[PDB]
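These notes concern the structure reproduced below.
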Amino acid sequence: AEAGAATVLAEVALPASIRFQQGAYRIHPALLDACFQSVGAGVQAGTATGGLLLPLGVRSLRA
Amino acid sequence: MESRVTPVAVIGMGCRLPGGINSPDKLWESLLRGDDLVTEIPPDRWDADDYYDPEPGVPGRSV
């Protein structure tokens with residue numbers, strides 16, 4: 001939304017080489033990780049300017 | 001002679017075609033009415049949504 005936007009969205013899809021795998025998961029792990037990668041955009045590109053972040057889990061998950 | 005091959009006459013035909021067409025007269029009526037016989041893939045055949053993909057050239061999926 002802006003340079004201080006607290007919400008972002010992305011267009012996400014499996015690659016063609018893997019798209020066929022969608023029939024064996026509730027959520028394809030690659031797609032979910034890509035959704036996680038969307039967080040890398042953050043409020044700013046400088047969010048966590050140094051080092052790498054890794055997820056530690058979520059409070060709740062609703063499929 | 002004027003035709004090197006002996007001329008051949010069609011004395012009858014039969015046909016079973018989509019859209020309930022099982023007689024040549026039915027085909028003629030459908031053609032005059034400008035009707036279409038293409039439909040979505042019936043589910044009992046297979047899951048069309050399972051294999052459908054609008055992206056060209058995606059392996060394992062149809063367009």
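Letters for chains follow the order of the structure tokens (A, B, ...), residue numbers begin at 1 for each chain, and ligand numbers begin at 1 in the order shown.
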
Give as a ChimeraX atom specification every residue of chain A that touches chain B within 12 Å, counting only C-alpha atoms.
/A:13-24

Residues just named, written with N, CA and C atoms as a short mmCIF file (atom, residue, chain, number, x, y, z; two decimals), in the first residue's frame:
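Saved the output as out-v2.cif:
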data_model
loop_
_atom_site.label_atom_id
_atom_site.label_comp_id
_atom_site.auth_asym_id
_atom_site.auth_seq_id
_atom_site.Cartn_x
_atom_site.Cartn_y
_atom_site.Cartn_z
N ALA A 13 1.81 -19.23 -7.20
CA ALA A 13 1.44 -20.44 -7.93
C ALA A 13 2.66 -21.34 -8.00
N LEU A 14 2.41 -22.64 -8.03
CA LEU A 14 3.48 -23.61 -8.17
C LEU A 14 4.10 -23.50 -9.56
N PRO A 15 5.37 -23.86 -9.70
CA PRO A 15 5.97 -23.92 -11.03
C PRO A 15 5.35 -25.03 -11.87
N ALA A 16 5.48 -24.88 -13.18
CA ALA A 16 4.92 -25.86 -14.10
C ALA A 16 5.51 -27.24 -13.86
N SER A 17 6.81 -27.30 -13.54
CA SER A 17 7.45 -28.58 -13.29
C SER A 17 6.90 -29.28 -12.06
N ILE A 18 6.23 -28.55 -11.17
CA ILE A 18 5.72 -29.12 -9.93
C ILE A 18 4.21 -28.99 -9.80
N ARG A 19 3.56 -28.16 -10.62
CA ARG A 19 2.13 -27.90 -10.53
C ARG A 19 1.30 -29.17 -10.40
N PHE A 20 1.76 -30.26 -11.02
CA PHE A 20 1.03 -31.52 -10.97
C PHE A 20 0.97 -32.11 -9.57
N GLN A 21 1.87 -31.71 -8.67
CA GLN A 21 1.94 -32.31 -7.35
C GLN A 21 0.82 -31.85 -6.43
N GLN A 22 -0.02 -30.91 -6.86
CA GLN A 22 -1.03 -30.34 -5.97
C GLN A 22 -2.05 -31.37 -5.50
N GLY A 23 -2.15 -32.52 -6.16
CA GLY A 23 -3.13 -33.51 -5.79
C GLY A 23 -2.77 -34.39 -4.62
N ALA A 24 -1.59 -34.19 -4.02
CA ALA A 24 -1.12 -35.05 -2.94
C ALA A 24 -0.92 -34.29 -1.63
#

Based on the backbone DSSP call, show me all residues of chain A assigned alpha helix (DSSP H), as an NGL selection string.
:A and (29-38)

Just-selected residues, C-alpha atoms written as a PDB file, in the first residue's frame:
ATOM      1  CA  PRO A  29       4.870 -27.162   0.805  1.00  0.00           C
ATOM      2  CA  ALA A  30       6.516 -25.107  -1.934  1.00  0.00           C
ATOM      3  CA  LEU A  31       3.444 -22.889  -2.256  1.00  0.00           C
ATOM      4  CA  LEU A  32       3.247 -22.388   1.505  1.00  0.00           C
ATOM      5  CA  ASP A  33       6.942 -21.497   1.682  1.00  0.00           C
ATOM      6  CA  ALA A  34       6.409 -19.050  -1.180  1.00  0.00           C
ATOM      7  CA  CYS A  35       3.632 -17.489   0.888  1.00  0.00           C
ATOM      8  CA  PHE A  36       6.170 -17.273   3.707  1.00  0.00           C
ATOM      9  CA  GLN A  37       8.621 -15.669   1.282  1.00  0.00           C
ATOM     10  CA  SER A  38       6.031 -12.935   0.742  1.00  0.00           C
TER      11      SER A  38
END

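Taking atom CA of residue B:45 and atom CA of residue B:18 as endpoints, the distance between them is 14.2 Å.
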
Enumerate the residues of chain B with a DSSP assignment of strand (DSSP E or B), computed from the backbone, and present them as a VMD selection string.
chain B and resid 17 21 52 62

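Every protein or nucleic acid residue with an atom no more than 12 Å from residue B:26, counting only C-alpha atoms and leaving out same-chain residues fewer than 6 positions away, appears here: residues 14, 15, 16, 17, 18, 19, 20, 32, 33 and 35 of chain B.
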
Which neighbours of residue A:2 fall inside 12 Å, counting only C-alpha atoms, when residues of the same chain fewer than 2 positions from it are skipped, and could you give them as a list in words?
residues 4, 5, 6, 7, 8, 41, 42, 43, 44 and 45 of chain A
